[PDB]
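**Student:** Supplied in structure tokens, the structure appears directly below.
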Amino acid sequence: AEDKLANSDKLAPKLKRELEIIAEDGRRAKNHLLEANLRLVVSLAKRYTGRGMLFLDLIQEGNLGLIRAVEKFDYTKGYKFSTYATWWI
DNA sequence: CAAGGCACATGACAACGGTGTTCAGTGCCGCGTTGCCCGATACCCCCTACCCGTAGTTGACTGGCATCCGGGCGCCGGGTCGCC
């Protein structure tokens, strides 16, 4: 939807708003996924705590890795998101 | 006995002696004042070796940490909920 909106060719206004709405719903689902995986990322932050970096800082950096991973994740892989994410985390 | 005539020496007279200056010229023989000559030195090039940053890696793997009491001591000062 956002790809089609990004193109310069003219689209109908109602169709453009529908595409924007679908992209917004995708954004909402993205944040749903991130909040779901917050627990995994804090677990992996535990896994590297106590090495001179504050635990919440490690959590935040892992969260950066998490947003990267979701930005690079899709169902085309026949695996759960948990297995794929942990590498990027 | 006085006056006039000859010896030696004498007031100056220059010119040599010997030696000290003079402006004069030209060198004599030590410092320099500069053209080379090289020699080294900064400064472009090419090559590759290695430091450092970026980007993947798919069974599954979904909430942690150990705190903290034997100050001690008092006050300020505010909050905080009972009180009637």
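Letters A, B, ... go to the chains of the structure tokens in the order shown; residues in each chain start at 1; ligands are counted from 1 in the same order.
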Using only C-alpha atoms (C1' of nucleotides), find the residues of chain B whose closest atom to chain A is at most 12 Å away, then write them as a ChimeraX atom specification.
**Tutor:** /B:55-65
**Student:** Determine which residues of chain A receive a DSSP assignment of helix (DSSP H, G or I), computed from the backbone, and state them as a PyMOL selection string.
**Tutor:** chain A and resi 2-6+13-46+55-71+81-88
**Student:** Near segment 63-70 of chain A, within 6 Å and counting only C-alpha atoms (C1' of nucleotides), which residues show up once chain neighbours fewer than 2 positions away are dropped, as a PDB file with N, CA, C and O atoms, in the first residue's frame?
**Tutor:**
ATOM      1  N   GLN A  60      17.741  -2.036  25.698  1.00  0.00           N
ATOM      2  CA  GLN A  60      17.420  -1.084  24.644  1.00  0.00           C
ATOM      3  C   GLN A  60      18.173  -1.407  23.356  1.00  0.00           C
ATOM      4  O   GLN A  60      17.610  -1.326  22.256  1.00  0.00           O
ATOM      5  N   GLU A  61      19.451  -1.771  23.470  1.00  0.00           N
ATOM      6  CA  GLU A  61      20.218  -2.119  22.278  1.00  0.00           C
ATOM      7  C   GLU A  61      19.653  -3.369  21.608  1.00  0.00           C
ATOM      8  O   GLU A  61      19.529  -3.430  20.374  1.00  0.00           O
ATOM      9  N   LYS A  72      13.242  -7.140   8.814  1.00  0.00           N
ATOM     10  CA  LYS A  72      13.806  -8.133   7.907  1.00  0.00           C
ATOM     11  C   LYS A  72      13.179  -9.514   8.085  1.00  0.00           C
ATOM     12  O   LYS A  72      13.831 -10.523   7.797  1.00  0.00           O
ATOM     13  N   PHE A  73      11.930  -9.584   8.547  1.00  0.00           N
ATOM     14  CA  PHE A  73      11.253 -10.847   8.816  1.00  0.00           C
ATOM     15  C   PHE A  73       9.946 -10.919   8.037  1.00  0.00           C
ATOM     16  O   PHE A  73       9.252  -9.911   7.875  1.00  0.00           O
ATOM     17  N   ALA A  85      14.481 -14.108  15.166  1.00  0.00           N
ATOM     18  CA  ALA A  85      14.814 -12.842  15.809  1.00  0.00           C
ATOM     19  C   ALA A  85      16.091 -12.951  16.631  1.00  0.00           C
ATOM     20  O   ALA A  85      16.947 -12.060  16.582  1.00  0.00           O
ATOM     21  N   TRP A  88      19.431 -11.737  15.321  1.00  0.00           N
ATOM     22  CA  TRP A  88      19.607 -10.294  15.230  1.00  0.00           C
ATOM     23  C   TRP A  88      19.702  -9.654  16.607  1.00  0.00           C
ATOM     24  O   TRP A  88      20.441  -8.679  16.788  1.00  0.00           O
ATOM     25  N   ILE A  89      18.957 -10.176  17.581  1.00  0.00           N
ATOM     26  CA  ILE A  89      19.035  -9.632  18.934  1.00  0.00           C
ATOM     27  C   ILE A  89      20.444  -9.799  19.482  1.00  0.00           C
ATOM     28  O   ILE A  89      21.050  -8.849  19.994  1.00  0.00           O
TER      29      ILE A  89
END
**Student:** When you count only C-alpha atoms, which of these residues is closest to residue 26 of chain A: A:58, A:74, A:53, A:1?
**Tutor:**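 Result for the nearest residue to residue 26 of chain A: A:1.
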